[PDB]
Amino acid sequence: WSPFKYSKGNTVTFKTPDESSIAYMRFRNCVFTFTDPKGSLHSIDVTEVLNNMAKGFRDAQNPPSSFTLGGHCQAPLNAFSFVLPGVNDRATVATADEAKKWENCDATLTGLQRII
């Protein structure tokens, strides 16, 4: 279990060391922490979300040695990189007007990873 830390604006790519298949990476104690426009702090455990991204390649034919967070925006780590229900989901931040109020909010992602 090696630790990792990413800050707002980082490109987050989890890569195996020997460029073996990323489907073998597992995660532990992963916390995503962000602020809302009012300045309050929020965090959420995203360990299973990450583990499911790795398991996503479990039955692939050309499995890669990496995966990268970001969605259709290929955007770097930001306050919406993971969902905390009731806080930063689609129903709470539903428009571009609202989402713009969030553009300077902080975001961080820490945790442990290993190959199994």
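The numbering used is simple: start at 1 and walk along the sequence shown.
Of the two segments examined, 5-13 and 18-26, it is 18-26 that shows the higher average Cα temperature factor in the deposited entry. Once the C-alpha B-factors are averaged per stretch, 32-40 and 60-68 rank with 60-68 first. Residues shown: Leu84, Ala91, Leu50, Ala75. Highest C-alpha temperature factor in the entry: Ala75. The entry lists a Cα temperature factor for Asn104 that places it in the highest third of the chain's modelled residues.
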